[PDB]
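Only one chain comes next, encoded as structure tokens, the form deposited in one PDB entry.
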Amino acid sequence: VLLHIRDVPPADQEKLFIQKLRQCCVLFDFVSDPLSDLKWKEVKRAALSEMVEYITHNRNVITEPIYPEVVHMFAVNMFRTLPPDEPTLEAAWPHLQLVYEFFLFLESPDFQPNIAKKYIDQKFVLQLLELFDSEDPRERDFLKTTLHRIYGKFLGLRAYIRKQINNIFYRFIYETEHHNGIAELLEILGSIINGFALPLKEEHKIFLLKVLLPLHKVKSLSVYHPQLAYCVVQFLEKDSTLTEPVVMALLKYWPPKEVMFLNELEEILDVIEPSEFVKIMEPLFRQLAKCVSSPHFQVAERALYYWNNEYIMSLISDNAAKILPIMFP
């Protein structure tokens, strides 16, 4: 052997359960000799697979002692230093995917976060966040959800996380360092944003203006843009007041991928208060009248689909006076 001596749990006890997590800390080489310890690799694979089918299918098996055992295990496998266009994939996915799966334990009905709070602390949550720079998408996918759960269950870390994400975006926009998991992080925020309490704390108001808007200006914007748009329209929905510098910001940061802008805008228009619309109708339309002409074809068509919007066409009706002359006659 090379990881002790165990087997499926018919026996029923938890001590066995402990030992499996514990020999599942035995790490393997999937990189610098993929062909090593294939029999052992499969064992570890099966064990994780076992533990998963276990924790989902049979209640009151999560229990005070195992919390640190589970965390410790997730710790020992996931927290590692990462390698560096088309992506690199985690050679070790065959293990690491199940460690991802298994840890979602987070979602088991009898997860008591009160016991967990002991082990799923800031030191952890950090190195979790550190892993968002993974080139491998299907890993990021896992982290996105995982970290989501942790936020929604540990009120205790809600604070800390927010700061840490801030400090990523800030370093990303300003400190110029590329940070590689921005579309996932951004999808998180959308749901943190949706849930924001009223009135918007001026801090949130500021993060909009100092972090969320500058993202539009970056070169890779297309790569994370859908999710960026959501955060924006989620703001403009929580407080209808921020429309004024939001739309302006957008028109400044405007160009091709004109289309994405065209999406965000309609999605913005969909939520716009009439009194707030007037604030920007003039500059907005000058811009839009350009797009209907925009030689880039699919730009124009997209600009056209605005006129099919019943609300948008009401807003124009209400103001056809000032808007309509922004076409010819």
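Counting begins at 1, following the sequence as shown. By rigid core we mean the largest C-alpha set that fits within 1.5 Å across both forms.
RMS Cα deviation from the shown model in 7 other deposited structures of this protein, rigid core fit, is larger for 173 to 181 than for the other stretch of the pair 112 to 120 / 173 to 181. RMS Cα deviation from the shown model in 7 other deposited structures of this protein, rigid core fit, is larger for 297 to 305 than for the other stretch of the pair 297 to 305 / 49 to 57. Modelled in this chain, residue 71 is likewise resolved in all the other entries of the protein that span it on both sides, not missing from even a third of them.
Of the other structures of this protein that model both sides of residue 85, a third or more give it no coordinates. Unmodelled residues of the deposited sequence between residue 255 and residue 256: 4 to 9. According to the entry, the deposited sequence runs straight from residue 248 to residue 249 with no unmodelled residues in between.
For the pair 272 to 280 and 291 to 299, the mean Cα B-factor is higher in 291 to 299. Comparing 85 to 93 with 184 to 192, the stretch with the higher mean C-alpha B-factor in the PDB entry is 85 to 93. Note on the listed residues 105, 74, 172, 235: the highest Cα temperature factor in the record is that of 172. Set against one another, the Cα B-factors of 162, 144, 138, 123 in the record reach their highest point at 123. In the deposited entry, the Cα temperature factor of residue 203 sits in the bottom third of values across the chain's modelled residues. In the PDB entry, residue 226 places in the lowest third of its chain by CA B-factor.
Among the modelled residues of the chain, residue 70 sits in the lowest third by CA temperature factor in this PDB entry. Per the PDB record, residue ranking by Cα B-factor puts residue 217 in the middle third of the chain. Residue 22 sits in the middle third of its chain by CA B factor, as recorded in the PDB entry.
There is another form of this protein, the form deposited with a partner chain bound, and it is not shown here; the text below is about that form.
The partner chain is not shown here, and in the entry with it bound it never comes within 4.5 Å of any heavy atom of residue 222. At a distance threshold of 4.5 angstroms between non-hydrogen atoms, residue 93 is out of contact with the partner chain in the entry with it bound.
In the entry with it bound, residue 109 stays away from the partner chain, with no heavy atom inside 4.5 Å. At a distance threshold of 4.5 angstroms between non-hydrogen atoms, residue 115 is out of contact with the partner chain in the entry with it bound. Using a 4.5 Å cut-off to the partner chain in the entry with it bound, each of 82, 126 and 286 places a heavy atom inside that distance. Shown without its partner, this chain lists 240, 164, 97, 180 as candidates; in the entry with it bound, only 164 has a non-hydrogen atom within 4.5 angstroms of the partner chain.
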